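Naming: A, B, ... by sequence-line order, numbering from 1 per chain. All values below were derived from every heavy atom in this structure, side-chain atoms included, with hydrogens, water molecules and symmetry-related copies excluded.
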Amino acid sequence: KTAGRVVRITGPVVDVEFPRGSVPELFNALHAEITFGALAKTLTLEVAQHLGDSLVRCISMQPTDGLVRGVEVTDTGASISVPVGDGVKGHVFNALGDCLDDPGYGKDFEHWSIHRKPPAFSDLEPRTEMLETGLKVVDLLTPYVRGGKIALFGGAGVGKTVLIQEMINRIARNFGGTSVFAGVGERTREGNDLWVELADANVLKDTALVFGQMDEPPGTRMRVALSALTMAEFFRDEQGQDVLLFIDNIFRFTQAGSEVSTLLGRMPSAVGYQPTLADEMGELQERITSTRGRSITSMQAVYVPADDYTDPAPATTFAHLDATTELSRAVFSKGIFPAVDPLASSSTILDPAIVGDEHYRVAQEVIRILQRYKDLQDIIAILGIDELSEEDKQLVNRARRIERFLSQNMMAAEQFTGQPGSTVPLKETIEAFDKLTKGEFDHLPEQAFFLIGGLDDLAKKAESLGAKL
Amino acid sequence: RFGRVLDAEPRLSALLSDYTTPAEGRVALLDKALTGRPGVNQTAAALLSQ
Amino acid sequence: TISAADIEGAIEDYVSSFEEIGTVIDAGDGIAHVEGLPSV
Ligand SMILES: Nc1ncnc2c1ncn2[C@@H]1O[C@H](COP(=O)(O)OP(=O)(O)OP(=O)(O)O)[C@@H](O)[C@H]1O
Ligand SMILES: [Mg+2]
């Protein structure tokens, strides 16, 4: 016939020999069969390289345990495809398009290949419409962009997932469009929690969930993002419906790529990463984008290994974003939630042209005060605050109050603390931080500013402490 | 012509293209399949077999 | 001049004419390499 046979197996990577003239194209899906009892299954191999001599190196989506050399391998003749349409909403899928909450569902749907080129450059248009979230720190210092790309960077356990949940609550809840969530190499129980929460909040009927989680082979963990992005692309390009795309975690896509590259025999780059790290990341990211008249607001949680922000993965990820919230271990240690580093975070739309002159002025004054406090940390760690000048002492008190007031009781934090969250209008945020920067609340105790919403909450908490606003 | 027919049947060549098996066996396979036919030239047969 | 079916009549006969024991070919530092065991 024309089927190949397995010749080499090195974990997830498989070498397959085909008859001449039947070598499958790159990224084609191939099917092999594992027949051993407990592990019996059908393997989907994605062609990754042509090795010559009619050999192809392929990445397996399922574990290859139990696979035998010489077993027949059949070429599907196309790449991995996933179901698309309004039918995907409300259902949970895996990287290959199989429905998990209801097996067999979506087999009759239109199927789109998970590999496609990004939009033509001529169709790209910069997006600068502010997306108001109701979080003080985000709205003030890192205003999110509607139809733009937002990222949440952070080491282990600084609050990336909780912030993703917060943004799902604040944005996807009262959203007229569709939402796509892509769990990429994260906790499976987190996927179950998200499923149940979306069902409870009635947002699930408008959301499509695709999960390739930690206990998956690197091939699945590097293709699940493509699958979810394909569903989002269908919603963007075929139904003209505003799309929300939450991804957690994209660094796991990079990590799976690194593992595959190691298995594929590629010569490692710096820090052991794949040589094609930036290229793979760009190929993925340029697909996540709004086009003229077609909006995708994407929000990606990016894991920072060992709290190292100079690691190649996040370092290359930084360039693909319109807004970048950076969660810091130190801020988290102080108890400030969300543990945003206001000096390392940024937004392309935080300029006087877009957000107005007063918003920009207040943000810049807050940043200046916090930068001066950061500079003075060296003195303060040794001698405390009392060796500073009167100007610097006043600035330090103001800065401590400001950094506490950037924290907020989040909606998604209720499950942890039992305290309901708060929403602060942008105008109130600007007014409040203008008052802070001018020293109108210097008399209030610091804890009065901790985990509250607007100025009314500030007054109530200050009164409960003992100071009157 | 032998080149053309081998090209048409890549799998036959692949089976014949292994030295992991005794030479006499593959020579016999070649004789039965292609070379051992009424019109095959004797010299071409011997050349291909060797 | 070529039947294209006698080809099968001969190749199936050849293939049909064909426990598993492997042999350590090299060993070092907790790793071993085995030749044979085609069905492993
Ligand atoms: N806003 C918050 N209020 C209170 N506690 C919080 C808040 N955000 C995070 N936490 C605490 O931090 C823990 C870690 O949060 P989260 O799972 O969102 O972090 P992460 O950065 O996604 O972590 P990981 O690297 O493990 O995926 C939460 O379980 C909770 O204990
Ligand atoms: Mg997380």
Residues of residues 9-26 of chain B with any heavy atom under 4.5 Å of a heavy atom in chain C
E9(B), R11(B), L12(B), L15(B), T21(B), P22(B), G25(B), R26(B)

Mind ranking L29(B), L34(B), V5(B) by heavy-atom pairs under 4.5 Å with chain C and telling me who comes out on top?
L29(B)

So for atom CD1, which belongs to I2(C), do other residues, nucleotides or ligands contribute more than 12 heavy atoms lying within a distance under 6.0 Å?
no

Within residues 17-40 of chain C, residues adjacent to chain B where the heavy-atom gap is under 4.5 Å:
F18(C)

Within residues 9-16 of chain C, which residues come under 4.5 Å of chain B, heavy atom to heavy atom?
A10(C), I11(C), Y14(C), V15(C)

Side-chain donor-acceptor pairs of residues 37-45 of chain B under 3.5 Å, sequence neighbours excluded:
| residue | atom | partner | partner atom | Å |
| --- | --- | --- | --- | --- |
| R37(B) | NE | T1(C) | O | 3.3 |
| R37(B) | NH1 | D6(C) | OD2 | 3.1 |
| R37(B) | NH2 | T1(C) | O | 3.2 |
| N41(B) | OD1 | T43(B) | N | 3.2 |

